[PDB]
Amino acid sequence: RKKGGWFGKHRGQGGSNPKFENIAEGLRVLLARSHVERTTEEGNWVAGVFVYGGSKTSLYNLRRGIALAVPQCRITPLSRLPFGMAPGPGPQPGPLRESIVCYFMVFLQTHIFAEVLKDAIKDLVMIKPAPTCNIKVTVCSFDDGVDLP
């Protein structure tokens, strides 16, 4: 029985469906309690949200969800994390060595909404079963902003 190959939707062209819509609605409810400004007139991307861990699929679905809930943001594809510190006095891994742990980046126009978005993702995720509850989120601040093309 089926199970897909090519569906004519390229990188970044993801549509919607109940699964991603339901995730988005979870975010929207939380976000609606904090009705803060998500845009500025200048429109620069001065803040971000760095999301990682859990599992590839759970991260992916979260990314798809955020996208539907927040048209005012911009989101990278999933990518991978390098390793952290090795314990003890020994040698460390090279800076390029990559792990199995994924991450994605959300860009935002206001610092205020970045904080709220971060809170919402945490709360959305903290009550769900593993691996989704293990998804970590941190606000990310850009000194000079980012010139998204």
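Residues carry their position along the shown sequence, with the first being 1.
A summary of the deposited B-factors shows that, of 22-30 and 85-93, the stretch with the larger mean C-alpha value is 85-93. Going by the entry's values, 112 shows the largest Cα B-factor out of 101, 105, 112, 66. In this PDB entry, residue 116 carries a Cα temperature factor that places it within the middle third of its chain's modelled residues. Residue 4: CA B factor lies in the highest third for its chain, per the PDB record. Among the modelled residues of its chain, residue 137 has a C-alpha B-factor that falls in the lowest third according to the deposited record.
Among all modelled residues in its chain, residue 12 ranks in the lowest third by Cα B-factor. In this PDB entry, the Cα temperature factor of residue 54 sits in the bottom third of its chain's modelled residues, the lowest group.
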